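Before any questions on how it binds or moves, here is one chain, the form deposited in one PDB entry, in structure tokens.
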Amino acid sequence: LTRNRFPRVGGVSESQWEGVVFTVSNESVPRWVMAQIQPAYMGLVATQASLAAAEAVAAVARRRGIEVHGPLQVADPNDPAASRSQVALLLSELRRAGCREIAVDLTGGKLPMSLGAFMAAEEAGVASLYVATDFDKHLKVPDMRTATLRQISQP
């Protein structure tokens, strides 16, 4: 059979990975993951609309001494194939730079961006992560006081 199999699904990581690749829609959630994981390497995949947010994340990362790859851009946030291709490129680029353990944080972007990132993570044998939060009812944004680093799959 050629059918895919997911032997380890779910769970929580509360720190390890030294590299993280993000799909990007906002800057605050990747900045939180950066503070939790303290990676030495970072990859970023964004859209035209979220490019500025991704550049804000990279600017904070560089001032902490993190090696940043990207932001790479996808032309269509609805297309899972473009996000798969760009995340797979960054995972390869991080590995060729010496990065060992890498995770893909697929929280940001539209669902096809996250699903393409997941497929690229699975094809590379790397873990996929998701930042679970409750919604801040009074500030109308994710409540990062509630943030938990959940694990989607560990190949």
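Throughout, we count residues from 1 along the sequence that is shown. Throughout, rigid core stands for the largest set of C-alpha atoms superposing within 1.5 Å between the two forms.
Unmodelled stretch separating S15 from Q16: 1 to 3 residues (count of deposited-sequence residues without coordinates). On average the C-alpha atoms of 1 to 9 have higher B-factors than those of the other stretch, with 1 to 9 and 145 to 153 being the two compared. In this crystal structure, the stretch out of 82 to 90 and 98 to 106 whose C-alpha atoms carry the higher mean B factor is 98 to 106. When the C-alpha B-factors of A56, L115, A35, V126 are ranked from the entry, the top spot goes to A35.
Residues shown: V24, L139, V20, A132. Highest C-alpha temperature factor in the entry: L139. Per the deposited record, the Cα B-factor of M119 falls in the lowest third when ranked against the other modelled residues of its chain. The entry lists a Cα temperature factor for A49 that places it in the highest third of the chain's modelled residues. Ranked against the other modelled residues of its chain, the C-alpha B-factor of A40 as given in the entry falls in the highest third.
The discussion below concerns the form deposited in another entry, not included here.
Core-superposed comparison between this form and the one not shown: the CA of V141 exceeds or equals a 2 Å shift.
In the other entry, the Cα-Cα separation between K137 and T47 grows by 3 Å or more relative to the displayed conformation. Annotation for the pair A35/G10: C-alpha atoms approach each other in the other entry, by 3 Å or more compared with this form.
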